[PDB]
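The next block is final-v5.pdb, given as PDB, C-alpha atoms.
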```pdb
ATOM      1  CA  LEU A   1       0.000   0.000   0.000  1.00  0.00           C
ATOM      2  CA  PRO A   2       1.043   3.647  -0.547  1.00  0.00           C
ATOM      3  CA  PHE A   3       1.911   5.317   2.805  1.00  0.00           C
ATOM      4  CA  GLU A   4      -1.446   7.076   3.149  1.00  0.00           C
ATOM      5  CA  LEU A   5      -3.384   3.758   3.161  1.00  0.00           C
ATOM      6  CA  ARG A   6      -0.983   1.630   5.219  1.00  0.00           C
ATOM      7  CA  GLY A   7      -2.131   0.615   8.725  1.00  0.00           C
ATOM      8  CA  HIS A   8      -5.480   0.773  10.469  1.00  0.00           C
ATOM      9  CA  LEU A   9      -7.272   4.124  10.605  1.00  0.00           C
ATOM     10  CA  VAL A  10      -8.567   5.136  14.036  1.00  0.00           C
TER      11      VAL A  10
ATOM     12  CA  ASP B   1      17.292   7.903  22.370  1.00  0.00           C
ATOM     13  CA  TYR B   2      13.722   9.158  22.544  1.00  0.00           C
ATOM     14  CA  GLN B   3      11.457  11.929  23.733  1.00  0.00           C
ATOM     15  CA  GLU B   4       8.194  10.831  25.351  1.00  0.00           C
ATOM     16  CA  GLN B   5       4.872  12.670  25.000  1.00  0.00           C
ATOM     17  CA  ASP B   6       1.450  12.168  26.596  1.00  0.00           C
ATOM     18  CA  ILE B   7      -1.249  13.277  24.174  1.00  0.00           C
ATOM     19  CA  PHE B   8      -4.960  13.661  24.847  1.00  0.00           C
ATOM     20  CA  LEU B   9      -7.436  13.759  21.956  1.00  0.00           C
ATOM     21  CA  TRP B  10     -11.182  14.292  21.785  1.00  0.00           C
ATOM     22  CA  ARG B  11     -12.711  11.961  19.199  1.00  0.00           C
ATOM     23  CA  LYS B  12     -14.341  13.528  16.148  1.00  0.00           C
ATOM     24  CA  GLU B  13     -17.259  11.938  14.278  1.00  0.00           C
ATOM     25  CA  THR B  14     -14.635  10.522  11.921  1.00  0.00           C
ATOM     26  CA  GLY B  15     -12.390   9.125  14.678  1.00  0.00           C
ATOM     27  CA  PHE B  16      -9.018  10.317  15.992  1.00  0.00           C
ATOM     28  CA  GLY B  17      -7.444  10.884  12.581  1.00  0.00           C
ATOM     29  CA  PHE B  18      -4.387   8.667  12.335  1.00  0.00           C
ATOM     30  CA  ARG B  19      -3.318   5.249  11.123  1.00  0.00           C
ATOM     31  CA  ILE B  20      -1.624   2.641  13.302  1.00  0.00           C
ATOM     32  CA  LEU B  21       1.155   0.409  12.003  1.00  0.00           C
ATOM     33  CA  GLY B  22       3.287  -2.396  13.386  1.00  0.00           C
ATOM     34  CA  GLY B  23       3.009  -4.885  16.227  1.00  0.00           C
ATOM     35  CA  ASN B  24       2.510  -7.617  13.633  1.00  0.00           C
ATOM     36  CA  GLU B  25       5.598  -9.710  14.367  1.00  0.00           C
ATOM     37  CA  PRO B  26       7.157 -10.492  17.766  1.00  0.00           C
ATOM     38  CA  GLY B  27       9.091  -7.480  19.026  1.00  0.00           C
ATOM     39  CA  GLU B  28       7.872  -5.234  16.200  1.00  0.00           C
ATOM     40  CA  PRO B  29       7.051  -1.748  17.536  1.00  0.00           C
ATOM     41  CA  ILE B  30       3.634  -0.162  17.197  1.00  0.00           C
ATOM     42  CA  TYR B  31       3.808   3.253  15.577  1.00  0.00           C
ATOM     43  CA  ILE B  32       1.973   6.094  13.881  1.00  0.00           C
ATOM     44  CA  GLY B  33       1.457   6.070  10.128  1.00  0.00           C
ATOM     45  CA  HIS B  34      -0.461   8.665   8.109  1.00  0.00           C
ATOM     46  CA  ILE B  35      -2.053  11.549  10.023  1.00  0.00           C
ATOM     47  CA  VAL B  36      -5.281  12.822   8.484  1.00  0.00           C
ATOM     48  CA  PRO B  37      -5.406  16.550   7.654  1.00  0.00           C
ATOM     49  CA  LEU B  38      -7.804  18.452   9.946  1.00  0.00           C
ATOM     50  CA  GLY B  39      -8.509  15.347  12.027  1.00  0.00           C
ATOM     51  CA  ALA B  40      -8.219  15.272  15.833  1.00  0.00           C
ATOM     52  CA  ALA B  41      -4.529  14.306  15.861  1.00  0.00           C
ATOM     53  CA  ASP B  42      -3.608  16.885  13.217  1.00  0.00           C
ATOM     54  CA  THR B  43      -5.627  19.647  14.890  1.00  0.00           C
ATOM     55  CA  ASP B  44      -4.072  18.917  18.268  1.00  0.00           C
ATOM     56  CA  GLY B  45      -0.683  19.114  16.561  1.00  0.00           C
ATOM     57  CA  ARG B  46       1.496  16.971  18.839  1.00  0.00           C
ATOM     58  CA  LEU B  47       1.347  13.540  17.218  1.00  0.00           C
ATOM     59  CA  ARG B  48       3.857  12.897  14.427  1.00  0.00           C
ATOM     60  CA  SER B  49       4.055  10.151  11.818  1.00  0.00           C
ATOM     61  CA  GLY B  50       6.662   7.639  12.953  1.00  0.00           C
ATOM     62  CA  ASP B  51       6.026   8.172  16.671  1.00  0.00           C
ATOM     63  CA  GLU B  52       6.151   4.891  18.609  1.00  0.00           C
ATOM     64  CA  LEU B  53       2.989   4.108  20.538  1.00  0.00           C
ATOM     65  CA  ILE B  54       3.778   2.710  23.989  1.00  0.00           C
ATOM     66  CA  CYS B  55       0.555   3.224  25.997  1.00  0.00           C
ATOM     67  CA  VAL B  56      -3.146   3.739  25.290  1.00  0.00           C
ATOM     68  CA  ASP B  57      -5.409   4.931  28.125  1.00  0.00           C
ATOM     69  CA  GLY B  58      -3.042   3.561  30.773  1.00  0.00           C
ATOM     70  CA  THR B  59      -2.549   0.175  29.123  1.00  0.00           C
ATOM     71  CA  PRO B  60       1.000  -0.481  27.943  1.00  0.00           C
ATOM     72  CA  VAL B  61       1.423  -1.853  24.442  1.00  0.00           C
ATOM     73  CA  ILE B  62       5.218  -2.175  24.316  1.00  0.00           C
ATOM     74  CA  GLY B  63       5.980  -5.656  23.016  1.00  0.00           C
ATOM     75  CA  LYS B  64       2.258  -6.149  22.376  1.00  0.00           C
ATOM     76  CA  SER B  65       0.169  -6.660  19.253  1.00  0.00           C
ATOM     77  CA  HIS B  66      -1.446  -4.652  16.480  1.00  0.00           C
ATOM     78  CA  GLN B  67      -4.671  -6.414  17.455  1.00  0.00           C
ATOM     79  CA  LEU B  68      -4.455  -5.276  21.070  1.00  0.00           C
ATOM     80  CA  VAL B  69      -3.715  -1.650  20.217  1.00  0.00           C
ATOM     81  CA  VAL B  70      -6.638  -1.512  17.762  1.00  0.00           C
ATOM     82  CA  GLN B  71      -8.893  -3.046  20.420  1.00  0.00           C
ATOM     83  CA  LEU B  72      -7.789  -0.363  22.888  1.00  0.00           C
ATOM     84  CA  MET B  73      -8.451   2.335  20.301  1.00  0.00           C
ATOM     85  CA  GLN B  74     -11.926   0.914  19.654  1.00  0.00           C
ATOM     86  CA  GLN B  75     -12.639   1.130  23.385  1.00  0.00           C
ATOM     87  CA  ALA B  76     -11.343   4.726  23.390  1.00  0.00           C
ATOM     88  CA  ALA B  77     -13.589   5.542  20.428  1.00  0.00           C
ATOM     89  CA  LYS B  78     -16.604   4.310  22.392  1.00  0.00           C
ATOM     90  CA  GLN B  79     -15.716   6.603  25.272  1.00  0.00           C
ATOM     91  CA  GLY B  80     -15.037   9.547  22.950  1.00  0.00           C
ATOM     92  CA  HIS B  81     -11.441  10.386  23.857  1.00  0.00           C
ATOM     93  CA  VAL B  82      -8.001   8.819  24.138  1.00  0.00           C
ATOM     94  CA  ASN B  83      -4.720   9.248  25.965  1.00  0.00           C
ATOM     95  CA  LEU B  84      -1.680   8.273  23.924  1.00  0.00           C
ATOM     96  CA  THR B  85       1.825   7.903  25.276  1.00  0.00           C
ATOM     97  CA  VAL B  86       4.306   8.010  22.435  1.00  0.00           C
ATOM     98  CA  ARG B  87       8.051   8.022  21.958  1.00  0.00           C
ATOM     99  CA  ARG B  88       9.934   9.640  19.120  1.00  0.00           C
ATOM    100  CA  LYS B  89      13.586   9.216  18.224  1.00  0.00           C
ATOM    101  CA  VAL B  90      15.676  12.302  18.909  1.00  0.00           C
TER     102      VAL B  90
END
```

Once you've parsed the file, please lay out its structure as structure tokens.
Amino acid sequence: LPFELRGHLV
Amino acid sequence: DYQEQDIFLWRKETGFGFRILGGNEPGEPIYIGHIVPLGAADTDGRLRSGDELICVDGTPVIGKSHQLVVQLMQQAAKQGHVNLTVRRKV
């Protein structure tokens, strides 16, 4: 994923 | 090698406004990814991408899992606010 979509959004 | 910060955020309707990375493999740190423009974290101004997350609402997450930290954030979302303790390399 591109850095803005990586990880879980909280 | 770090500075530690204790950050309080009120939740917005859209959440706290940041992405959480890491804690997927044993020993892998949990840390801040993308911060959403004009979200709670951005507005507050203290959180930075790359900060290591070490505590959420008094529960330590050092050496702990991505799953745990997301669970703690979901509990914080329910209550409408969160306390983050982070460390950043300096």

key: Residues of chain A within 6 Å of chain B, all atoms listed in the file counted, as a ChimeraX atom specification   = /A:4,7-10

Atoms kept (C-alpha atoms) for selection, written as a PDB file, keeping the file's coordinate frame:
```
ATOM      1  CA  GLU A   4      -1.446   7.076   3.149  1.00  0.00           C
ATOM      2  CA  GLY A   7      -2.131   0.615   8.725  1.00  0.00           C
ATOM      3  CA  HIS A   8      -5.480   0.773  10.469  1.00  0.00           C
ATOM      4  CA  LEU A   9      -7.272   4.124  10.605  1.00  0.00           C
ATOM      5  CA  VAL A  10      -8.567   5.136  14.036  1.00  0.00           C
TER       6      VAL A  10
END
```

query = Using all atoms listed in the file, which of the listed residues (B:63, B:43, B:29, B:49) sits closest to residue A:6?
reply =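 Checking each of B:63, B:43, B:29, B:49 against residue A:6, counting all atoms listed in the file, the winner is B:49.
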
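Take atom CA of residue B:59 and atom CA of residue B:90: the distance between them is 24.2 Å.
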
Find the axis-aligned box for stretch 65-76 of chain B, covering all its listed atoms and adding 3 Å on each side, and write its centre and edge lengths in Å to one decimal as AutoDock Vina command-line options.
```
--center_x -6.2 --center_y -1.0 --center_z 19.9 --size_x 18.8 --size_y 17.4 --size_z 12.9
```

query = How far is it from atom CA of residue B:9 to atom CA of residue B:44, in Å with one decimal?
reply = 7.2 Å

Coords for chain A, N, CA, C and O atoms, as a PDB file, in the first residue's frame:
```pdb
ATOM      1  N   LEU A   1       0.826  -1.200   0.000  1.00  0.00           N
ATOM      2  CA  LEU A   1       0.000   0.000   0.000  1.00  0.00           C
ATOM      3  C   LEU A   1       0.866   1.259   0.000  1.00  0.00           C
ATOM      4  O   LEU A   1       1.945   1.268   0.595  1.00  0.00           O
ATOM      5  N   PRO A   2       0.396   2.334  -0.660  1.00  0.00           N
ATOM      6  CA  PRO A   2       1.043   3.647  -0.547  1.00  0.00           C
ATOM      7  C   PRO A   2       0.933   4.156   0.885  1.00  0.00           C
ATOM      8  O   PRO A   2      -0.047   3.797   1.513  1.00  0.00           O
ATOM      9  N   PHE A   3       1.862   4.977   1.372  1.00  0.00           N
ATOM     10  CA  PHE A   3       1.911   5.317   2.805  1.00  0.00           C
ATOM     11  C   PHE A   3       0.614   5.877   3.400  1.00  0.00           C
ATOM     12  O   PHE A   3       0.355   5.701   4.595  1.00  0.00           O
ATOM     13  N   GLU A   4      -0.211   6.482   2.595  1.00  0.00           N
ATOM     14  CA  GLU A   4      -1.446   7.076   3.149  1.00  0.00           C
ATOM     15  C   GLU A   4      -2.503   6.010   3.419  1.00  0.00           C
ATOM     16  O   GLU A   4      -3.448   6.362   4.065  1.00  0.00           O
ATOM     17  N   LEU A   5      -2.341   4.794   2.951  1.00  0.00           N
ATOM     18  CA  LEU A   5      -3.384   3.758   3.161  1.00  0.00           C
ATOM     19  C   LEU A   5      -2.870   2.646   4.072  1.00  0.00           C
ATOM     20  O   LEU A   5      -3.625   1.760   4.368  1.00  0.00           O
ATOM     21  N   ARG A   6      -1.618   2.696   4.432  1.00  0.00           N
ATOM     22  CA  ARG A   6      -0.983   1.630   5.219  1.00  0.00           C
ATOM     23  C   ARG A   6      -1.476   1.685   6.670  1.00  0.00           C
ATOM     24  O   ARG A   6      -1.621   2.750   7.151  1.00  0.00           O
ATOM     25  N   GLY A   7      -1.719   0.570   7.314  1.00  0.00           N
ATOM     26  CA  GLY A   7      -2.131   0.615   8.725  1.00  0.00           C
ATOM     27  C   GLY A   7      -3.629   0.731   8.915  1.00  0.00           C
ATOM     28  O   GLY A   7      -4.325   0.885   7.929  1.00  0.00           O
ATOM     29  N   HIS A   8      -4.047   0.735  10.138  1.00  0.00           N
ATOM     30  CA  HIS A   8      -5.480   0.773  10.469  1.00  0.00           C
ATOM     31  C   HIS A   8      -5.869   2.190  10.876  1.00  0.00           C
ATOM     32  O   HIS A   8      -5.257   2.695  11.763  1.00  0.00           O
ATOM     33  N   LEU A   9      -6.868   2.755  10.242  1.00  0.00           N
ATOM     34  CA  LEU A   9      -7.272   4.124  10.605  1.00  0.00           C
ATOM     35  C   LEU A   9      -8.113   4.092  11.884  1.00  0.00           C
ATOM     36  O   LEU A   9      -8.985   3.296  11.997  1.00  0.00           O
ATOM     37  N   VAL A  10      -7.792   4.978  12.783  1.00  0.00           N
ATOM     38  CA  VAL A  10      -8.567   5.136  14.036  1.00  0.00           C
ATOM     39  C   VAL A  10      -8.979   6.612  14.150  1.00  0.00           C
ATOM     40  O   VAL A  10      -9.696   6.908  15.021  1.00  0.00           O
TER      41      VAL A  10
END
```
